[PDB]
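Have a look at the structure below, then the notes.
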Amino acid sequence: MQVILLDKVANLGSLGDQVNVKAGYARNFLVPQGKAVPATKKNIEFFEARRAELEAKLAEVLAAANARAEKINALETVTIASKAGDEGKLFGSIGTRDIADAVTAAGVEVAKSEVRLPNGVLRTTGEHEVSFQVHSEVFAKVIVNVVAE
Amino acid sequence: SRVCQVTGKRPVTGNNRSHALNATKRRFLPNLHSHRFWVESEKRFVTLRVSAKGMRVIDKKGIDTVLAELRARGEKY
RNA sequence: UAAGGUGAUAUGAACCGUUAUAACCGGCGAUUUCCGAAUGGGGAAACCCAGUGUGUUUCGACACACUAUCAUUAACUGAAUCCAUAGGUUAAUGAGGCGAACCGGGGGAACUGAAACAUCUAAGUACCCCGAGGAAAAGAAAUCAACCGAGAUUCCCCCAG
RNA sequence: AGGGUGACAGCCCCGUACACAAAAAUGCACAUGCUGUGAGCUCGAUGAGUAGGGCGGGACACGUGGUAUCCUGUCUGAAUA
RNA sequence: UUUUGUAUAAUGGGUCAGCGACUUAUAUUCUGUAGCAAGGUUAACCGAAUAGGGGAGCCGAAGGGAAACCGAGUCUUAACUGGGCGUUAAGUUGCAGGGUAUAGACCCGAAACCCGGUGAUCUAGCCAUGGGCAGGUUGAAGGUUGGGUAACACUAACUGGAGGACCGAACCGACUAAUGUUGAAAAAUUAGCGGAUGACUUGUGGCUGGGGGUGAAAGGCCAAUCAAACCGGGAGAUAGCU
RNA sequence: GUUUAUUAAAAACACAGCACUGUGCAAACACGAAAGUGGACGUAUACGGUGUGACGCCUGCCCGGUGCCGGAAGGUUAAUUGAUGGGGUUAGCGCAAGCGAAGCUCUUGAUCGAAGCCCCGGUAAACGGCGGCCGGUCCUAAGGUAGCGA
RNA sequence: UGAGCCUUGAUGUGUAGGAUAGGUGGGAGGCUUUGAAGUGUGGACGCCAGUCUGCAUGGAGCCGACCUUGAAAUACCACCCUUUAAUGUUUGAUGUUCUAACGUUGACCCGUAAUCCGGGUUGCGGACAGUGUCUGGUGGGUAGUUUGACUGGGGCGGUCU
RNA sequence: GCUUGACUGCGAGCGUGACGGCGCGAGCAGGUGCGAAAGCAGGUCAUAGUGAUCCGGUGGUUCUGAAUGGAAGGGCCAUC
């Protein structure tokens, strides 16, 4: 499936390129998010005019964390914080993601999400990561300098 | 019923033919899958029971054109 | 149109009429209980039980009208959920059912024949199902022909067992 | 023509040939209205998950054979005067 | 009628009356007859319609060869003195008839196969909700007065009232015999017989449907029908048989 | 207790008990083109299937065959894929028998390719089997033990 | 962990020799301060002669017609043939991770005074499971059938040209 | 001893079969072997040693070749 990239993707291209992406990836990830759009001739003929707004305004305001899946883990952000927690094992606490941050205030601004709500878990025997999470148990349990720092 | 809402593919009757050319009636069913398509014109997920060929048709045409055809045909989605 | 009539069994009674509302015939109207697609809800068909709105009343109760489902359009309304959407209420329009054959489509046997029998036949027949019309279907060549030409579909006769 | 009349009726009766008839409703033709559908010439354009293909079936008189053409359940998939 | 053979003790018929079985359509071959004759004849269709038009076609006057092809000849063969098949026989179109072919094909007659519906008012199982079981026996557990151990074991009386317990009516069944067998009755009567508080029985309603159900299992039962119900259809199935 | 309503009531069926086996729950299994439903509003002390059939003594030996179960070096093996070869067509060259690029095309079928089968082990309250010979020995998977017996 | 491939880095011992000559053009000097030549040395290769490579310091020079040689310079440039290193890169494979397809007969919210269904939030699984087409095996669970004749009845035996 | 007549096309005329077929055959054309020659030779003293049709494989044959030229396929001949 040929698609033109509206934003930067990891290993496909950057800011406009007819990339041959697998149909499942395009259908389920790139187009449902604001990453790409298929090139059915007319679409690129509109893209060649849209590039003035896209490559400058949208590019400046948001060019990373297109789906907050891999950019959060790669481009470390929101490391500085003040809330500690209980003993070093985050569980159900959103904490702080916006306030007390400097890098995430200029142009491109990646973001994070919440964690598993309290129904079986508590402040011992495990931990959570301050980042986007779909899995909450098998997900990576790397320290984020927020659980105890 | 096993009907693709994009293409209208139904089950179709034919023959299982043995090596002795024994013909026993059978059905060819389509490759139906219930899929949630992200429609941008309404910022929504629309569920449709679509074959793989119908999914290729959606990928080519655009979900807007396919849904326009569906609502011109009826087909409450 | 009429000198005779009130259907027949089917007599009788009481009447109607005889120059034109007796009767009879044709056109157009009105009435058209209840069940039945039955449609206010239910039900063991022709029954049981209601709601809302007007209008009467002797204060006992009465009469009429509306009140189904679904589809389409609109209007208001509107969750999880901010905008929205699903959804809810209302209003107009339409459908539902029955019917012999013919018609198009979705499914689809077996007996039987083959001197058994399985490919084949029977036969896309019987039968079931959906849908339309007075007809239906098809229809104006991405068709044939043969270096000459024909010129949409449909039907009959040959070609030809 | 036919049918009745106490047996078999052209002239007994009802009819038949033929010539006539509608207050009212309605069909058919012309003429003839209202609304609404839009002729002609010139430029163009001129039907893609489609034709075609692998696999499995089916319809073609044709049972896959050396088997053209047609439909498509599955997987693919052009040119475009 | 059927047979080698029938008075046959082999089949069929109680009698009368009425009905009851070689047909129709289209092809094709032969025979008779009629018309025309190297020609014969139209089909559909038109048509004021059994006329007339319509020769599209069909058969015939030429055969041989697988065929191209040749032609009163041709094929076979390198080629025939040969050999095969033809040249020396009028055909065609109706009408009548005899055969044959497709159709039900002289008539009646299966067991059975398939399709679509009707049936759990009988019965088999289950489900819900009600009901029934005279009377009389035996006398478990347990419990109190005793006999007994340092305390459990334990042995009698009284109490108690268990059990797919016992005898036996209602009720449910059906082991034996007789009767009856064109019955009183398409399964019963009489005399005896099993169970009879349970795995019981019974009323009302409901559910399971035919290659299916249900079955404490007999191929049992599913409306007097069951190794595949009944009704209607394919259907005049097929019948080398009577 | 049940059973062939209507020629068989029994030694037949069922049964409490026992054994094997499957089933981790959206259970196995069953009725169902499916949705769903029972199992079961149960959870291995449960549920299904199969066999035997209170209770007492017991229940011997054989895994060679069929079945099931487990594991595997290797062999063969489908769809799919399509290496190489062969043939038709024609551009051309041919004083010509003939040769013959590219494209399209018919045919062949190198390579990849799972289970299964071949092979190894277990299992008999799985289907089943359970000797001769001469007064030690052949064969087998093992050679009928206990008990009973016209 | 394998292969094709734009392109470029490495591969070219009849021997003549200053010793490691695929080849045709173009040409008489290429590189060296985004560093030459000299040394240790990195794993590659090797015919037992070095080619080409990373880095350390390095700081003004190695490399022709050379005379020979069937061939005259890796002096520059370009297509290209034997061989051989790598990646952007295309699919093959094993593995691990992930989430966004897809599952949930987990929890909570809403439609909604509803163990259905749907939407939503969240968790758990996760490209597995499962479904469509195609395919090998198994498959009396089910179905359709076949299983001869002669014959001193039939069967068993015999026979059949 | 020499040889390939275990030949090719035909075949008057017969015999035996319901038929499908089977069998014997002088003689003609071509070419050949043996014999000086006349002549003999179309397998073996004779009679058993066999399997129709359909489908298909191989060699030959420009007979046909679905617009035309090929080719595929089909026919004819030999044969499995």
Side-chain angles (χ1 to χ4, degrees), chain A residues 1-2 9-14 17 19-36 38 40-42 65-74 91-92 94 113-121 126 128-129 131-142, chain B residues 1-4 6-63 65-66 69 71-77:
Chain A
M1 185 175 289
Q2 308 305 110
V9 188
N11 315 102
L12 293 177
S14 186
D17 183 46
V19 296
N20 181 32
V21 55
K22 281 169 79 66
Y25 195 31
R27 193 161 29 251
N28 308 325
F29 199 56
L30 300 182
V31 189
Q33 274 93 47
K35 309 202 206 77
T40 183
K41 292 312 248 193
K42 56 196 295 291
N66 255 118
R68 62 186 84 202
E70 286 178 347
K71 274 279 181 69
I72 312 313
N73 300 124
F91 271 103
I94 56 169
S113 187
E114 71 196 340
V115 290
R116 173 166 183 169
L117 298 169
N119 46 26
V121 307
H128 283 150
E129 192 181 355
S131 58
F132 185 76
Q133 283 196 334
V134 185
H135 291 153
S136 302
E137 282 296 341
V138 302
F139 195 71
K141 305 298 188 179
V142 304
Chain B
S1 57
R2 309 185 162 101
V3 171
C4 175
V6 175
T7 62
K9 289 164 173 294
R10 329 189 66 100
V12 295
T13 65
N15 292 333
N16 259 318
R17 290 288 191 149
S18 87
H19 280 286
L21 272 53
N22 296 125
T24 187
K25 300 299 293 295
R26 59 159 286 186
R27 305 179 93 206
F28 301 80
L29 309 179
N31 199 5
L32 283 79
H33 296 295
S34 179
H35 208 84
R36 299 153 49 251
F37 296 104
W38 168 257
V39 68
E40 184 65 26
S41 174
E42 199 159 24
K43 299 265 171 191
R44 192 161 57 102
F45 270 103
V46 173
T47 191
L48 270 183
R49 192 177 179 176
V50 71
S51 73
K53 198 180 185 67
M55 185 179 288
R56 295 179 67 250
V57 166
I58 282 155
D59 291 331
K60 190 206 198 93
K61 304 283 282 297
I63 192 70
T65 305
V66 171
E69 293 170 358
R71 71 188 167 236
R73 190 167 56 201
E75 195 73 71
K76 178 52 56 52
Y77 52 90

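Atoms considered below: every heavy atom in the structure, side chains included; atoms not considered: hydrogens, waters and symmetry mates. In the text below, chain A, chain B and the rest are named by the order of the sequence lines, each starting its count at 1.
- Pairing analysis of RNA chain G (Watson-Crick: purine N1 to pyrimidine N3 plus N6-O4 or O6-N4; G-U wobble: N1-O2 and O6-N3; both under 3.5 Å) yields stems of 3 or more pairs at G:102-104 with G:123-125, G:106-111 with G:117-122.
- Taking 4.5 Å as the limit, some side-chain heavy atom of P11(B) sits within range of a side-chain heavy atom of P30(B).
- Here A157(E) and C158(E) show stacked bases; the six-membered rings are centred less than 5.5 angstrom apart and their planes meet at under 30°.
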(request) For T7(B) and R56(B), run side-chain contact (heavy atoms from CB on, under 4.5 Å): C-alpha distance rounded to whole Å, both residues' side-chain angles, the deciding distance at 0.1 Å, then the answer. (result) CA-CA 11 Å; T7(B) 62; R56(B) 295 179 67 250; over 6 Å; no
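- With RNA chain D read from its 5' end, the first of the two nearest nucleotides for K9(B) and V57(B) is the one closest to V57(B).
- Contacts of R56(B) with the nucleic acid, taken as non-hydrogen atoms under 4.0 Å apart, include base atoms.
- Using a 4.5 Å cut-off on side-chain heavy atoms (C-beta onward), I58(B) and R27(A) make no contact.
- A stacking criterion of 5.5 Å and 30° is met by the six-membered base rings of adjacent nucleotides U19(C) and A20(C).
- In this structure, the CD atom of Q133(A) is 11 Å from the P atom of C98(G), given to the nearest Å.
- For the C1' atom pair drawn from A46(F) and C61(F), the interatomic distance equals 37 Å after rounding to whole Å.
- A123(C): no Watson-Crick or G-U partner with both key distances under 3.5 Å is found in any strand.
- Against the 90° criterion about 0, the sugar-base torsion of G152(G) places it in the syn range.
- Spacing between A113(G) and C41(F) at atom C1', rounded to whole Å, works out to 24 Å.
- For the pair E137(A) CD and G125(G) P, the computed distance is 8 Å after rounding to whole Å.
- Within the shown strands, nothing qualifies as a pairing partner of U46(D) under the Watson-Crick or G-U definition with both distances less than 3.5 Å.
- Summarising the base pairing, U149(E) is matched to no nucleotide, lacking a Watson-Crick or G-U wobble pair whose two defining distances lie under 3.5 Å.
- Across all strands shown, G128(F) forms a Watson-Crick or G-U wobble pair with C62(F), both key distances being under 3.5 Å.
- The partner of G133(C) is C102(C), by the rule that a Watson-Crick or G-U pair needs both atom distances under 3.5 Å.
- Within the 3.5 Å criterion, the main-chain N or O of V3(B) finds no donor-acceptor partner in the side chain of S1(B).
- If you check every strand for non-hydrogen atoms under 4.0 Å, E114(A) touches sugar and phosphate atoms only.
- Atom pair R71(B):CZ and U73(C):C1' shows a separation of 16 Å (rounding to whole Å applied).
- No more than 12 heavy atoms of other residues, nucleotides or ligands shown are found within 6.0 angstrom of CD1 on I94(A).
- Here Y25(A) lies in heavy-atom contact (under 4.0 Å) with a base.
- In this step of the strand, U57(C) does not stack on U58(C), since the centres of their six-membered base rings are not under 5.5 Å apart with ring planes meeting at under 30°.
- Judged by ring centres closer than 5.5 Å and planes tilted by less than 30°, the bases of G46(G) and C47(G) are not stacked on each other.
- Pairing check for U76(F) against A54(F): the two fail the Watson-Crick or G-U wobble geometry, since the two atom distances are not both under 3.5 Å.
- Applying a 4.0 Å cut-off to non-hydrogen atoms, the residues of residues 24-34 of chain B that approach RNA chain D are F28(B), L29(B), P30(B), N31(B), listed by residue number.
- As a whole-Å value, the separation of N119(A) CG from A107(G) P is 11 Å.
- Residues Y25(A) and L12(A) form a side-chain contact, since some pair of their non-hydrogen atoms from C-beta on lies under 4.5 Å apart.
- In this structure, the CZ atom of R2(B) is 11 Å from the P atom of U131(G), given to the nearest Å.
- The environment of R49(B) atom CZ is dense: over 12 non-hydrogen atoms of other residues, nucleotides or ligands sit within 6.0 angstrom.
- Pucker annotation for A118(C) reads south, on the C2'-endo side, since its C1'-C2'-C3'-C4' dihedral is below zero.
- Sugar pucker of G152(G): south, since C1'-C2'-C3'-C4' comes out negative.
- Of all nucleotides present, none satisfies the Watson-Crick or G-U wobble test against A90(E) with each distance under 3.5 Å.
- Using a 90° window around 0 for the glycosidic torsion, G140(G) falls inside it and is classed as syn.
- Under the 4.5 Å side-chain criterion, counting only non-hydrogen atoms from C-beta, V9(A) is not in contact with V19(A).
- In terms of the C1'-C2'-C3'-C4' torsion, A45(C) has a north-puckered sugar. The angle is above zero.
- When rounded to the nearest whole Å, the span between CD of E42(B) and P of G119(G) equals 15 Å.
- Note that the first and last nucleotides of RNA chain D, 5' to 3', having any atom under 4.0 angstrom from a heavy atom of chain B are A48(D) to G77(D).
- Looking only at side-chain heavy atoms (C-beta outward), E75(B) and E69(B) stay at 4.5 Å or farther from each other.
- Closest approach of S51(B) to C4(B), counting heavy atoms only: N-SG, 3.2 Å.
- Counting to the nearest Å, the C1' atom of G120(G) and the NZ atom of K43(B) are 18 Å from each other.
- For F45(B) and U121(G), the CZ to P distance is 10 Å, given to the nearest whole Å.
- Between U85(C), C98(G), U122(G), one nucleotide has an atom nearer to the side chain of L117(A) than all others, and that is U122(G).
- Neighbouring residues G173(E) and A174(E) meet the stacking criterion, with the centres of their six-membered base rings under 5.5 Å apart and the ring planes within 30° of each other.
- With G108(C), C124(G), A100(G) as the candidates, the nucleotide lying closest to the side chain of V134(A) is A100(G).
- For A11(F), the sign convention on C1'-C2'-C3'-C4' gives a south pucker, since the angle is negative.
- Contacts of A20(B) with the nucleic acid, taken as non-hydrogen atoms under 4.0 Å apart, involve only primed sugar atoms and P, OP1 or OP2.
- Counting non-hydrogen atoms under 4.0 angstrom, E70(A) reaches nothing in the nucleic acid.
- Using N1 to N3 plus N6-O4 or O6-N4 for Watson-Crick, or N1-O2 and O6-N3 for G-U wobble, each under 3.5 Å, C66(C) pairs with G51(C).
- If you check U58(H) for Watson-Crick or wobble pairing at under 3.5 angstrom, you find it paired to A78(H).
- Between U99(G), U119(C), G125(G), one nucleotide has an atom nearer to the side chain of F139(A) than all others, and that is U99(G).
- If you check every strand for non-hydrogen atoms under 4.0 Å, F132(A) touches sugar and phosphate atoms only.
- The shortest distance between side-chain heavy atoms of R26(B) and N16(B) falls below 4.5 Å.
- Judged by closest nucleotide on RNA chain D, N16(B) is the one of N16(B) and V12(B) placed further toward the 5' end.
- A negative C1'-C2'-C3'-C4' torsion places the sugar of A96(F) in the south, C2'-endo-side range.
- Residues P38(A) and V31(A) meet the side-chain proximity criterion, which asks for heavy atoms closer than 4.5 Å.
- Comparing the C1' positions of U57(G) and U41(G) gives an interatomic distance of 13 Å, to the nearest angstrom.
- Heavy atoms of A52(B) sit under 4.0 angstrom from primed sugar atoms or phosphate atoms, though from no base atom.
- In this structure, the nucleotide among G107(C), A127(G), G125(G) sitting nearest to the side chain of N28(A) is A127(G).
- A distance-only check finds a donor-acceptor pair linking the side chain of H128(A) to the backbone of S136(A) [under 3.5 Å].
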(request) Determine, step by step, whether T47(B) and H35(B) satisfy the side-chain contact (heavy atoms from CB on, under 4.5 Å) criterion, reporting the C-alpha distance in whole Å, the side-chain angles of both residues, the deciding distance to 0.1 Å, and the verdict. (result) CA-CA 6 Å; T47(B) 191; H35(B) 208 84; over 6 Å; no
